[PDB]
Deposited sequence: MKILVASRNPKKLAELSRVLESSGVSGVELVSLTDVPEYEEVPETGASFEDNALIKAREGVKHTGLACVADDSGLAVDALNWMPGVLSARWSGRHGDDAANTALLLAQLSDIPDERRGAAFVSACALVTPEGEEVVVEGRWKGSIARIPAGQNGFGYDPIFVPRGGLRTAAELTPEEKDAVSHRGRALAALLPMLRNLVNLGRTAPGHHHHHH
């Protein structure tokens, strides 16, 4: 079966192809079908926005469509930057400017109120109109100064819960996560 991946980034398809083995699915990207207008995204709901993108994919191709939506949710900003994460400073794709704005907005906020999460949502919409959306949230808080060089986006200022290091400072924990992650997808049982 052909499934439309509502992305032009082959990195999404490559990971999705290898993850679908864990059975006859052929994945196609937006670069394989005629271009269509992409509705701009607003608000804090990664889930709603992943569903909107996935609905549009089905609408234009008649194929089942998976779409994703990811970003940063900050309690003190009412869970924004939200789906404006990549353009929070007003400038799309400028990671340093997005981070600089966030730090300045939060510059007086004590650590106890700097809670935040990295969020990633994935939606599936079928030709028959079934809708399912999933999301994952990695809990943490916003640092006061950026640290670390092994990360993109907000990694230099996102401190995962459970430590003091930022995500960009990250290189026993692997074996614990690698075995625990499957159970998180298993206890999900919508039917």
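No C-alpha positions are given for the deposited-sequence stretches 23-25, 175-182, 203-213.
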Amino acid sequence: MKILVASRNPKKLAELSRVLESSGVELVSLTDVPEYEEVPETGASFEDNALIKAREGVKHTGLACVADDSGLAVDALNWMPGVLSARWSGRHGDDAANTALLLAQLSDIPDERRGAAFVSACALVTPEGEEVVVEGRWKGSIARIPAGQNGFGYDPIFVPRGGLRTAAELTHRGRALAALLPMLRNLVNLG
From here on, numbers count along this sequence of modelled residues.
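Higher average CA B factor: 161-169, of the stretches 161-169 and 134-142.
As the entry records it, the average C-alpha temperature factor is higher for 151-159, out of 47-55 and 151-159. Highest C-alpha temperature factor among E128, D32, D68, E41 per the entry: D32. When the modelled residues of the chain are ordered by their C-alpha B factor, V28 lands in the highest third.
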